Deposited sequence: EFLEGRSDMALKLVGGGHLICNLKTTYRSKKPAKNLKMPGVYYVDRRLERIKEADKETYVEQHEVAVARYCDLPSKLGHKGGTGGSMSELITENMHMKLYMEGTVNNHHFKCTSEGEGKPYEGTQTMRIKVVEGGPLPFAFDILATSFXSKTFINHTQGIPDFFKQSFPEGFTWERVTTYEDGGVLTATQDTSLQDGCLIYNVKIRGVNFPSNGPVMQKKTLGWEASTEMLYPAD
């Protein structure tokens, strides 16, 4: 039993306009099935923003605000669900995170580290990111943004927090992002808890980004906000 997510995000392009991409994510728990209180269908509203940038994109500081909900709207049918209610004690309201990243984008190899802090229950976080190997990146940094934190989703409407419940075992995610110009970037990730710090271990592998298109030429200017739909399966 896991959660699958789906999003369509929009990339802002130099000169106006946008490039769309599609996110198919599968969220897997390391905690055993019997001990989880599974949600029903729900949505997470994010806004992901580039705060600071230095050195041809080899240093980037990212902020994110994530908030989960159920459909607020009244329903002529009986899907109040609703339901809800989850509590997660290992996660304090002030948490620190450390991350390591490694992968390839169009045959170009690179490594990244980051450290950050945020407020899980409030739905906010920040990430200070270093490109350590294979900088300057020849591709728009934006495409890695979604790969740097499911724990910091503010589940307010009682909705069961599938990510915060998982600890200490942890959770993984694995995602395939599909740009409409042809590019494809898959990423696998491990979230674990050691001494009260959240440890992220990612692996990027992207291919087929058009060479004379916005991603490789770096004509991008951050993302718009987005809605992820999340739903349980098998």
Regions left out of the model, expressed as runs of the deposited sequence counted from 1: 149
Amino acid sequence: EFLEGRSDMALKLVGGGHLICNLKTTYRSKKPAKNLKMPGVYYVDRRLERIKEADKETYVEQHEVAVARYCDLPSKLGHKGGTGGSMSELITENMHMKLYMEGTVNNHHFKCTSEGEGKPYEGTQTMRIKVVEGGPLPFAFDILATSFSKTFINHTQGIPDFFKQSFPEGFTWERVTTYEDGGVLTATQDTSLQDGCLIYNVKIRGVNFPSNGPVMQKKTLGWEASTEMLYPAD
From here on, numbers count along this sequence of modelled residues.
Greater mean Cα temperature factor according to the PDB record, 74-82 or 120-128: 74-82
Of 180-188 and 32-40, the one with larger mean CA B-factor: 32-40
Selection from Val65, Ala68, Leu193, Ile204 [criterion: highest C-alpha temperature factor in the record]: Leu193
C-alpha B-factor winner, where the candidates are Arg46, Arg50, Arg175, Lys56: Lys56
Lowest, middle or highest third - CA B-factor, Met87: highest
Ranked C-alpha temperature factor of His108 among modelled chain residues, by third: middle
Third of chain Cα B-factors occupied by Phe167: highest
Record-listed C-alpha B factor of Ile143: chain third: lowest
